[PDB]
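If you count the sequence shown from 1, position 9 lands on 1007 in PDB author numbering, and the numbers rise without skipping. The C-beta atom is built at its ideal place from N, Cα and C for all residues, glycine as well.
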Amino acid sequence: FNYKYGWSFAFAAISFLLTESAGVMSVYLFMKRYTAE
(Lines of atoms letter the chains of each structure in order from A and count residues from 1; the text may use other names and numbers.)
(Lines give C-alpha, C1' and ligand atoms only; values in the text may rest on other atoms or scores of the structure.)
Protein backbone atom coordinates (compact mmCIF):
# COMPACT_ATOMS: atom_id res chain seq x y z
CA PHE A 1 0.00 0.00 0.00
CA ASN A 2 1.00 3.60 -0.66
CA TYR A 3 -0.90 6.83 -0.04
CA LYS A 4 -0.08 10.54 0.02
CA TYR A 5 -1.84 13.88 0.32
CA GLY A 6 -2.19 15.99 -2.81
CA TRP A 7 -1.38 19.59 -3.61
CA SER A 8 -4.83 20.83 -2.62
CA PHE A 9 -4.19 19.40 0.84
CA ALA A 10 -1.17 21.70 1.05
CA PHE A 11 -3.27 24.44 -0.56
CA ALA A 12 -5.61 24.06 2.41
CA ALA A 13 -2.57 24.07 4.71
CA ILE A 14 -1.03 27.30 3.41
CA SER A 15 -4.42 29.04 3.25
CA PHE A 16 -4.88 28.22 6.94
CA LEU A 17 -1.96 30.51 7.78
CA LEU A 18 -3.07 33.68 6.00
CA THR A 19 -6.49 33.74 7.66
CA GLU A 20 -5.05 33.65 11.16
CA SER A 21 -2.30 36.16 10.34
CA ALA A 22 -4.64 38.87 9.02
CA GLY A 23 -7.05 38.40 11.93
CA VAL A 24 -4.24 39.47 14.24
CA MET A 25 -3.66 42.31 11.77
CA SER A 26 -7.34 43.20 12.18
CA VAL A 27 -6.75 43.66 15.92
CA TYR A 28 -3.55 45.48 15.00
CA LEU A 29 -5.66 47.81 12.85
CA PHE A 30 -8.56 47.97 15.32
CA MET A 31 -6.33 48.97 18.24
CA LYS A 32 -4.63 51.44 15.89
CA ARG A 33 -7.92 52.94 14.68
CA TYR A 34 -9.32 53.00 18.23
CA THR A 35 -6.50 55.41 19.06
CA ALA A 36 -7.95 57.88 16.55
CA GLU A 37 -11.53 57.42 17.82
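Taking only three categories from DSSP, how would you classify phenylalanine 1009? helix
DSSP state of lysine 1030, grouped into three classes? helix
How is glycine 1004 classed by DSSP in three states: helix, strand or coil? coil
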